[PDB]
Each structure stands twice: as structure tokens, then as C-alpha cells.
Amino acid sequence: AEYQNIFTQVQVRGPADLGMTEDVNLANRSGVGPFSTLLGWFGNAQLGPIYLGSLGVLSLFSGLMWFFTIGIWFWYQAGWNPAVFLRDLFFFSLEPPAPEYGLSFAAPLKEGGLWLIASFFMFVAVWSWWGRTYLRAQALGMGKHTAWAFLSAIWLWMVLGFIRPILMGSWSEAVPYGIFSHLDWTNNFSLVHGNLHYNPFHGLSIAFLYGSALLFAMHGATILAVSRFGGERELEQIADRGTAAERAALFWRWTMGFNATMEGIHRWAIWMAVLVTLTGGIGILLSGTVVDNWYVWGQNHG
């Protein structure tokens, strides 16, 4: 057996890496956590430091409030009996207000009120986390590609829980907070709209989801195959092409007739993943607002 570079053979450790400083406010960095030998077989062993500023604290607090709001509901649905809690944990569900309430915020607590409180907490948690991904990159002088990619995921979540219900006329169209119930919601969504397989934006979304697994399999395997020439040091291969970048390009050129560069493959990658939730959000947005039956809609076109 030749070494495959899937797991590290020999771990080394030095003083803890405190990281680049740039324009980061060092007051808000934690100390260093423990080194993990276990993780060190697959990647880096160091844990921490983490950065915890105002937006991070706002996000963690909000997110826990969202979590606690759902859990308190689950305890109440379990008659406060811990055994029913664990037994039916996957079955409990914090559902939205009934359609009678329209877009009102005056549903009683047990009849959709708590869902609206939970969703608010989730709204604050996600958007303040997004602000964090922007500012953490700005403080280090980096491009904003991570915040822009996160926006694509946020888009689908916003359409599911906020934009589409608003255009439909009722919070009852939103997604419940529950393991099994949100699955049942997804299934009923497709049934109600005439089979989501025939929503071409759903088709596009699937092609990119599959395409993302295809591309990361290709790119992860390619980089491991040229790690024997330092291939994973992708930034310096961008600044000064080495035999790793040439052989990686030539494998794919000889195999399928064209190739990428060490920088350009990361543009293929970011766009392949981002298009999943981009196309998906559009397809959900048009369902019930413009198109009631995708199969029938599909029939009268291609």
C-alpha cells in the first residue's frame, strides 16, 4: 500500500498559532483552546481562538432564544414529562398561525404566537451572523466572497419563511419548527403544487446540488493526487505556478478536453454551490404566487 494522504502519519506541534492581526480588535479574541490529537489525524489539531464581538454575542443570544423557545414548546407538548419528551422528540412541532390569522401578529401564544416569537429570534440570529462574516473578512483585508455566498443560502431561507408567506397572505404558509413536521411540510408542498419535479428551477437546483458533489469529489481528489508536489498550497501556486498545478490541469485536459487554473477552479466551485440555493429560492418563490400546478404548467410548455 502506497501512502494515500487521507490521514496524517506523523503529527507535529509547536506553540499555539495566535493568527494574523491586521485590523482585528484583539480585545475580542478568546484564548486558545485545547489541541485535539483526534482532529489532527485529518486536519489541524488547534482549537481556537475564536472572535466574539458585539454582533457575535447578539447572534449567539438570539440563536439560543430561538432554540429555547422551541424547546419550551416541546416540553409543554410533552406534558412536561421527560419520558414523553425523549420518546416523541422527533414528533413535536412548533407550527405557524392558522390561515385565519392572515399576516396578523395577534395569534394567541398556543395558536401561532410562539412561532412568531421564535421566528423573530431566528431572523436576528442569522442576519447578525451574516454581518459577522462580512466584518471578519474586512478586518483581515480579505475579499467579501464568503458573505456574498452566505447570502445565497439566506435567500432560500428568507423565501421559505418570510417572503413567500407574505406574498401568499398568511404565516400559515411558512415552515414549522420540527424534525418530522418540516419533512411532512416539504412533501405536502410538492403535492399541493402539482409535483415539484416539474418545477424547472427545482430541476436546476438539483443539477447544481449533484454538480457540487461531483465538483468537490473531482477537486478534492485532484489536489490529493498532486499533494506530492505541494498542490494544496493553492495561493502560492496561483502566484507562481508549479508542477502540481500543471499536472492537475493536464490530467483534466487529457481526460475531458479542457481544464481550469488553480484560481479559476475556485470560481467554478463557488458558483456551482451558490446556484443551488439561488435557483431553489426562485422556484419556491414562484410556487402558489404565479404557478399553482407545475406539471400542468409544464404541459403547456416544453
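So that there is no doubt, residue numbering starts at 1 and follows the sequence shown.
- In this entry, the higher average B-factor at the C-alpha atoms falls on 118 to 126, of the pair 118 to 126 and 144 to 152.
- For the pair 98 to 106 and 222 to 230, the mean Cα B-factor is higher in 98 to 106.
- The entry assigns its greatest Cα B factor, within the set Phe208, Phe189, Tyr198, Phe74, to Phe74.
- Of the candidates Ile270, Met256, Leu250, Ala27, the one whose C-alpha carries the top B factor in the deposited record is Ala27.
- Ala78: CA B factor in the highest third of modelled residues in this chain (values from the PDB entry).
- Ranked against the other modelled residues of its chain, the C-alpha B-factor of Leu89 as given in the entry falls in the highest third.
- Ranked against the other modelled residues of its chain, the C-alpha B-factor of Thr261 as given in the entry falls in the lowest third.
- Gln9: CA B factor in the highest third of modelled residues in this chain (values from the PDB entry).
- Remark: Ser36 belongs to the middle third of its chain, ranked by C-alpha B-factor as recorded.
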